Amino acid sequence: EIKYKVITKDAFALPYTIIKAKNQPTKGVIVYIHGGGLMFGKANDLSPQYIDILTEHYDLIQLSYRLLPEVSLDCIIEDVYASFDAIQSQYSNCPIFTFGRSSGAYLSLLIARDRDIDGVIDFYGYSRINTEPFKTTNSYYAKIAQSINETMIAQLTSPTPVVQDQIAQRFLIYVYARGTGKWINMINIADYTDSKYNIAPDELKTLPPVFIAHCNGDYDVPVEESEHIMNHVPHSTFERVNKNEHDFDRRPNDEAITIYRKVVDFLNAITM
């Protein structure tokens, strides 16, 4: 693991790590964007086992961005693109991919629209925020959301922006947000319906190939968000996992490993 940083316009350090391809030279660079509903998480949240599969022949770069609610989604997008551009310049003549999980896959798809890359790996993400499941109360999160209060939640935030959880239970900010339907409010942008944040059909149509893995019974991001992408993009591969889970790869079970190996196959076809 090798550490770098990108210095933002506002003089904030965004760390990123590069893990090098095991068998050299690299076939490509995979820019990894972690999940956490834009509100919690950390860049180094991938199991070692997944990293070993991905980095056999690819470099894996784990990027960071400032989290909600201490910054807005406009700031997140700015951090992601500043980190992406710093990484892309370092791989000038080389295939490059975005790989996100959950909200990281959303960020990975924005990069795919606004930069020129060779493919996207979308694990249980989405291409838009202007959708009813994100606007309204989420059933799965509602009970826990109702068992905390706003002071409880405000004290899980940081007095200044962070790129990873500063307290173990920061994730309750996200449970609260989904469970009360305030997640769009906490994104804190002027107009969440704007095409900046919602990839248009004509834009989806021009995306590079997309690998999608999504559980049909996902309680956090409906599987329809993946079906929506498949309604427009020209090249897709879809693993539609028959589970009532969101992060089906939380543990490196055999089914999860198989999907990761399929990811590499998808990359190999592209870089051949």
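So that there is no doubt, residue numbering starts at 1 and follows the sequence shown.
Set 21-29 against 256-264 and average the Cα temperature factors; 21-29 ends up higher.
Looking at 143-151 and 121-129 together, the entry lists the larger mean B-factor for 143-151, computed on C-alpha atoms. Considering 103, 93, 180, 169 together, the PDB entry gives 93 the largest C-alpha B factor. For the set 111, 186, 175, 76, the PDB entry puts the maximum C-alpha B factor at 186.
Per the deposited record, the Cα B-factor of residue 210 falls in the lowest third when ranked against the other modelled residues of its chain.
Placement of the Cα temperature factor of residue 229 within the chain: lowest third of the modelled residues, per the deposited record. The PDB entry assigns residue 48 a C-alpha temperature factor belonging to the highest third of its chain's modelled residues.
In the deposited entry, the Cα temperature factor of residue 56 places it in the highest third of its chain's modelled residues. Ranked against the other modelled residues of its chain, the C-alpha B-factor of residue 87 as given in the entry falls in the highest third.
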